[PDB]
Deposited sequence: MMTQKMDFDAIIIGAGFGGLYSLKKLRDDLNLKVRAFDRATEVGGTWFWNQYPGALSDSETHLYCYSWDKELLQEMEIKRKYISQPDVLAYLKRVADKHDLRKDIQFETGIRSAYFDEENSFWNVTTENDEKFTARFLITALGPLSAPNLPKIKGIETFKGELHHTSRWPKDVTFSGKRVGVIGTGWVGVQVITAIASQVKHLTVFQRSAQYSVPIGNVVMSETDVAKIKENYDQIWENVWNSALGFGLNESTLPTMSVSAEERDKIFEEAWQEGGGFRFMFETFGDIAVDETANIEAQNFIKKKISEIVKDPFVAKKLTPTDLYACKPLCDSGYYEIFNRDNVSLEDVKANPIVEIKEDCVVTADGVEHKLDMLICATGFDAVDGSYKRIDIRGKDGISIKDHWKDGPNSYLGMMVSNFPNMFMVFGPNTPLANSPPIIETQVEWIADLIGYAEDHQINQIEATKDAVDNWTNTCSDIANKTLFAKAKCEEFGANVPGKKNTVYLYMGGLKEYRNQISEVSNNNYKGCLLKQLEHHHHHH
C-alpha cells in the first residue's frame, strides 16, 4: 500500500483534506490535480470580473486562527486573483505542495475488495494504492457546449470563460458575449467600457442585485478580527453561513411601504443571498412573496435602464430563484452607446461564420472576439469523467445512471473507503464552512477506523435512500424545484442539495458519528 489516503483535487476541499489527514492524523497522503497550482476553481476560472459571492472575511478557512488574524481583507468581496493568492499562502504556510502532484489527472480508481484499498491510475499510467480515496472534485463542473453551427469557422478570438487565456486586450475590438448568467454578468460589466462595441447575446434574462463591493477600512478590518470568534459562531449557528441576519419575517406580513423599505435596505447594502434571505423568510418558498422580490428588481431595472425598450428586453419572466446573482454595475452597462442587447430567445443564433455571429433574422453581427460565458454542470459531472469502480466493478456513472445520490453528501453505497467533499446532496451554504464541516467529519471517521483496526467503511443503500428522501422532502417545500436551476442539478425535477441549512446539517451528521456511525458498515 503506497498511501493511507489519496486525494483528488487541490482546491479548498482537497487542501484541507490533505492538512487534516497528513498533519492531524499523521497519515501518509498524496493529492493529485490536473492544475499546475493549488486553488481549484480559483485557478481554472480567470475570466474578467471573477469575484466571490461570499464576503471576504467569511470566504476562507476558519480552522487556522493565525491565518485569520493575518489575512488580507482588501474589499468587502474577494477577487479571483486574491482568492488564488490566499490558497497559495495556505499551501505555503502548511507545507502542502510536497504532497501534491500537479499536472496529474486521475484516469481511474478501482476498489480492490480482496485488499480493501483503492487502485488509482493517473493519465500517465502511474499506479498508486491507498486505503482511502478522497474525491474533492468541487460542486460545479465545466459544461462543454452543444456546438453552434460553424463555430469552427470563426477566425477571430474565441474565448471560453472556463479557460480564459492570459494577455487578452479589448481596445478597438467588436466583442460579443454569449451568456448572461453568473459569469456573463461579471464579464459584461467588466469589459463593456473597454471594447469598441459590445454585443450581448441574451438567451434568458436573469435577476441581479448590486454586490456593493467597497474597500474595507483598517478600522473595519480590525473590528472584524477582534470579533472573529463570534463571527464564526454565527456562521455555525446559521443556515447559510454568509454572515446574514437570516430573516423569519413573512414577506406579505408587513405593509407595502415597509416591504419596499426592507428591500431597499438590502439593495443598498448589496449581496445576492442578502436580498433573498435577509429581507424576508419565505422568498424561496411562497410564490406570492417571490413575486414581491421579482417586482422590486424589475422596478430597479426600469429605473436604471433609461430606454424602456432595452429595459423590457432585460426584464425576466421567471421565478426569483436559483443561486442569486449580484453585479458591480450590470444594468447600467446597457445605457452605454457602445452596447447592443440581442434577445436570442426571440432571435436565435443560427450560425457562426469566419467574421460574425448570424441570428435567425439573417443579421451578421461582425465580431473581432467572441466570448462564451458558460454556466456549469452539476456535481456529478466531475465524477463521470473519472472511471471509478467499486464493489463488483460497477462504475460510478452506472451506479448514478438514475440520478446521483449519497449518504450525508460524503459517501456512496457500493464504494467503500471513498469519501466525497461536496458530493451530491451536500447543504446549500457558504462553501468553506461546508467543506471544513465535511473534511472534519471524514477525518474523525478515518481516525476512528485507524484506532479500531477497521479497514472497510461503507454506507448502506438504506442510509443513502433515507438521505435522498430527507433532501427531497425539504427541497420540494421550496420554489427551487419549480425553477429548474442548472447548478442545483435540474439537467441531470430533483434538487441535489440538502436545503435544511448548515446548522441542521451539522446536527444531522454529528448524530451519526455520535451513534456509532449508524447507516455505515464498519468492517475488519
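Chemist: Going by C-alpha coordinates, which parts of the deposited sequence are missing from this model?
Modeler: Those stretches are 1-5, 498-501, 534-541, listed in order.
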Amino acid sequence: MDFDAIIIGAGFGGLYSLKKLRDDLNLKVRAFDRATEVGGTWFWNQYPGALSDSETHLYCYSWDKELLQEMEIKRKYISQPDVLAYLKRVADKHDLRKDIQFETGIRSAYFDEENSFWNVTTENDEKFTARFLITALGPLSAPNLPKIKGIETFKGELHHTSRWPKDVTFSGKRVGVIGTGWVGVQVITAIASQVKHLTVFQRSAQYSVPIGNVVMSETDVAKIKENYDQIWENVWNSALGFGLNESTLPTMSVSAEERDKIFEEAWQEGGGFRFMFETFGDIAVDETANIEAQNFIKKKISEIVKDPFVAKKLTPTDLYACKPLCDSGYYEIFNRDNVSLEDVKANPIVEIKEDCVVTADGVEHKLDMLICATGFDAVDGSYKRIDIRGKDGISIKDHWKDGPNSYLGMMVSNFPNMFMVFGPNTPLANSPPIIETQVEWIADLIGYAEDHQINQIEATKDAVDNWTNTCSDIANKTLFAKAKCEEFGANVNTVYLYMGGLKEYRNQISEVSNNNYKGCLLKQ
From here on, numbers count along this sequence of modelled residues.
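Chemist: Using only the Cα atoms and their B-factors as the entry lists them, report which of 239-247 and 385-393 averages higher.
Modeler: Looking at the record's C-alpha B-factors, the answer is 385-393.
Chemist: With respect to the recorded C-alpha B factors, which stretch has the higher mean value, 159-167 or 181-189?
Modeler: Looking at the record's C-alpha B-factors, the answer is 159-167.
Chemist: In this PDB entry, which of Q453, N290, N347, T199 has the top CA B-factor?
Modeler: That would be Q453.
Chemist: I'd like to know which of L479, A31, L68, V38 has the highest C-alpha temperature factor in the PDB entry.
Modeler: Max CA B-factor in the entry, restricted to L479, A31, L68, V38: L479.
Chemist: Comparing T135 with the other modelled residues of its chain, is its CA B-factor in the lowest, middle or highest third?
Modeler: Answer is middle: the recorded C-alpha B-factor places it there.
Chemist: Quick one: classify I509 as lowest, middle or highest third of the chain based on its Cα B-factor.
Modeler: Answer is middle: the recorded C-alpha B-factor places it there.
Chemist: Pull the Cα B-factor of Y331 out of the PDB entry and bin it into the chain's lowest, middle or highest third.
Modeler: Lowest third of the chain for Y331's C-alpha B-factor.
Chemist: Ranking the modelled residues of this chain by C-alpha B-factor as given in the entry, is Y77 in the lowest, middle or highest third?
Modeler: As the PDB entry reports it, the C-alpha B-factor of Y77 lands in the lowest third of its chain.
Chemist: Once the chain's modelled residues are ordered by C-alpha B factor and cut into thirds, is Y320 in the lowest, middle or highest one?
Modeler: Middle third.
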